[PDB]
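Below you'll find the structure, written out as structure tokens, and then a few comments.
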Amino acid sequence: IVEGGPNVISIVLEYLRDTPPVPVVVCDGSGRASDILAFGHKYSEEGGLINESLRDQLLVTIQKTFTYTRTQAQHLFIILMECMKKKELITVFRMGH
Amino acid sequence: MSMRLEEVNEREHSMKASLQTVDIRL
């Protein structure tokens, strides 16, 4: 995965739910959707649970990077929980050798 | 310079989220 839109969020939810579990190596720094997945895994408690200030900051980044209105941002936060659930398949390529 | 400028950009990560959160608050 690099950068991507909300379409790659639904693609990640598809490929995660595929069994055999195709691991989603999400490359960082490219930004936009991979930055929602990246800042999710950067501050991930357990699976799709991330905290309140980071979830409504993510609502701002879905309302700006995706321009999805706040209800649809909570919708892609529900899909954020559903995708981030398999952090063992998410592999953050945070460069910064 | 490597550890100190590692500190500056990683701490302005907090400042970049701070201005964006105040934008939601305004």
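Chain identifiers are assigned as A, B, and so on, following the order in which chains appear in the structure tokens; residues are numbered from 1 within each chain, and ligands are numbered from 1 in order of appearance.
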Hey, which bits of chain A sit within 10 Å of chain B, and for each residue what's the closest pair of atoms and how far apart in Å (one decimal), counting only C-alpha atoms, rows by chain and increasing number, as JSON lines?
{"residue": "A:53", "atom": "CA", "partner": "B:21", "partner_atom": "CA", "distance": 8.4}
{"residue": "A:54", "atom": "CA", "partner": "B:17", "partner_atom": "CA", "distance": 9.3}
{"residue": "A:56", "atom": "CA", "partner": "B:21", "partner_atom": "CA", "distance": 8.8}
{"residue": "A:57", "atom": "CA", "partner": "B:21", "partner_atom": "CA", "distance": 6.7}
{"residue": "A:60", "atom": "CA", "partner": "B:24", "partner_atom": "CA", "distance": 7.5}
{"residue": "A:61", "atom": "CA", "partner": "B:20", "partner_atom": "CA", "distance": 9.4}
{"residue": "A:96", "atom": "CA", "partner": "B:6", "partner_atom": "CA", "distance": 9.0}
Item to complete: Just list the residues in chain A DSSP gives helix (DSSP H, G or I) on the backbone, as a VMD selection string.
Response: chain A and resid 6 to 17 33 to 42 52 to 64 70 to 84
Worksheet entry | One-decimal distance in Å that lies between CA of residue 27 in chain A and CA of residue 6 in chain A |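 For CA of residue 6 in chain A relative to CA of residue 27 in chain A, the distance reads 15.7 Å.
Residues in contact range of residue 90 in chain A, defined as at most 12 Å between only C-alpha atoms, with sequence neighbours fewer than 4 positions away removed, read residues 1, 12, 13, 15, 16, 21, 22, 23, 24, 25, 26, 27, 28, 34, 37, 38, 40, 41, 42, 44, 47, 48, 83, 84, 85, 86 and 94 of chain A.
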Worksheet item: Expressed in Å to a single decimal, how great is the separation between CA of residue 59 in chain A and CA of residue 93 in chain A?
Response: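 Taking CA of residue 59 in chain A and CA of residue 93 in chain A, their separation equals 23.0 Å.
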Find the spatial neighbours of residue 72 in chain A, counting only C-alpha atoms, within a cut-off of 9 Å - ignore same-chain residues fewer than 3 positions away - and output them as a PDB file with N, CA, C and O atoms, in the first residue's frame.
ATOM      1  N   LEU A  59     -10.874  11.964  12.173  1.00  0.00           N
ATOM      2  CA  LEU A  59     -12.103  12.447  11.546  1.00  0.00           C
ATOM      3  C   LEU A  59     -11.831  13.722  10.758  1.00  0.00           C
ATOM      4  O   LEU A  59     -12.386  13.921   9.674  1.00  0.00           O
ATOM      5  N   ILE A  62     -10.000  12.606   7.618  1.00  0.00           N
ATOM      6  CA  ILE A  62     -10.927  12.036   6.641  1.00  0.00           C
ATOM      7  C   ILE A  62     -11.833  13.134   6.086  1.00  0.00           C
ATOM      8  O   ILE A  62     -12.276  13.078   4.935  1.00  0.00           O
ATOM      9  N   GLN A  63     -12.038  14.199   6.854  1.00  0.00           N
ATOM     10  CA  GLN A  63     -12.812  15.339   6.384  1.00  0.00           C
ATOM     11  C   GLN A  63     -11.987  16.317   5.559  1.00  0.00           C
ATOM     12  O   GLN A  63     -12.546  17.263   4.996  1.00  0.00           O
ATOM     13  N   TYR A  68     -14.617  13.517   3.226  1.00  0.00           N
ATOM     14  CA  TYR A  68     -15.832  12.848   3.657  1.00  0.00           C
ATOM     15  C   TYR A  68     -16.382  13.614   4.854  1.00  0.00           C
ATOM     16  O   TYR A  68     -15.633  13.902   5.790  1.00  0.00           O
ATOM     17  N   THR A  69     -17.677  13.950   4.830  1.00  0.00           N
ATOM     18  CA  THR A  69     -18.300  14.669   5.946  1.00  0.00           C
ATOM     19  C   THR A  69     -18.256  13.824   7.215  1.00  0.00           C
ATOM     20  O   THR A  69     -18.059  12.617   7.146  1.00  0.00           O
ATOM     21  N   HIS A  75     -18.005   6.694   9.711  1.00  0.00           N
ATOM     22  CA  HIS A  75     -18.179   5.466   8.938  1.00  0.00           C
ATOM     23  C   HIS A  75     -16.838   4.840   8.574  1.00  0.00           C
ATOM     24  O   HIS A  75     -16.582   3.674   8.887  1.00  0.00           O
ATOM     25  N   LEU A  76     -15.934   5.621   7.976  1.00  0.00           N
ATOM     26  CA  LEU A  76     -14.604   5.086   7.696  1.00  0.00           C
ATOM     27  C   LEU A  76     -13.773   4.919   8.963  1.00  0.00           C
ATOM     28  O   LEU A  76     -12.737   4.261   8.930  1.00  0.00           O
ATOM     29  N   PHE A  77     -14.221   5.454  10.099  1.00  0.00           N
ATOM     30  CA  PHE A  77     -13.609   5.051  11.362  1.00  0.00           C
ATOM     31  C   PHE A  77     -14.099   3.675  11.813  1.00  0.00           C
ATOM     32  O   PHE A  77     -13.361   2.928  12.463  1.00  0.00           O
TER      33      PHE A  77
END
Discussion item. Could you list, as a PyMOL selection string, every residue within 9 Å of residue 5 in chain A, counting only C-alpha atoms and ignoring same-chain residues fewer than 4 positions away?
Written reply: chain A and resi 9+32-34+65-66
Can those selected residues be exported to a file as a CSV table (one decimal), in the first residue's frame so that it contains C-alpha atoms?
chain,number,residue,atom,x,y,z
A,9,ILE,CA,-9.2,1.6,2.8
A,32,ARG,CA,-3.4,10.5,2.9
A,33,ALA,CA,-5.0,7.0,3.5
A,34,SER,CA,-1.7,5.3,4.4
A,65,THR,CA,-7.7,14.3,3.0
A,66,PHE,CA,-10.8,12.5,1.8
Worksheet item: So how many Å separate CA of residue 55 in chain A and CA of residue 31 in chain A, to one decimal?
Response: 16.8 Å
Item to complete: Please run DSSP on the backbone and report, as a list in words, all residues within chain A that come out as strand (DSSP E).
Response: residues 25, 26, 27, 44, 45, 46, 49, 50, 91, 92 and 93 of chain A
